[PDB]
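Notes for the one structure printed next.
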2 protein chains.
Amino acid sequence: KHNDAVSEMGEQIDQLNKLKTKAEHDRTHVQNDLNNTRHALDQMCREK
Amino acid sequence: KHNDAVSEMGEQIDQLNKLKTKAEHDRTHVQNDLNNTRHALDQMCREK
């Protein structure tokens, strides 16, 4: 019953680790374009 | 010794979960700067 409890919590925490990194990627994905579009902004304002 | 293992990974269940609630809370907060910035480029792009 220990080795069940390690595993059923273990089958919980491993897919939860997928839910973090999936949410972690969507954080860095939206920040990267903000890192791009701000760099797109000040380059365009340099031209004006 | 079986029971404290539950508490330590349950703390890992918690701290990974509050990290997700932290990270998803950026995903709107970072997005507020995006609609701030993407509005600003479209103002300047017509102005150029």
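We label chains A, B, ... in the order they appear in the structure tokens, count residues from 1 in each chain, and number ligands from 1 in the order shown.
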**Asked** In Å, how much C-alpha RMSD is there between chain B and chain A after the fit, with all atoms paired in order?
**Response**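 Once chain B is overlaid on chain A, the RMSD is 2.5 Å.
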- Query: Would you list which chain B residues are within 9 Å of chain A using only C-alpha atoms, as a ChimeraX atom specification?
  - Reply: /B:2,5-6,9-10,12-13,16-17,19-20,23-24,26-27,30-31,33-34,37-38,40-41,44-45,47-48
So the first atom is CA of residue 32 in chain A and the second is CA of residue 39 in chain B; what is the distance between them in Å, to one decimal place?
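Result for CA of residue 32 in chain A versus CA of residue 39 in chain B: 17.3 Å, one decimal.
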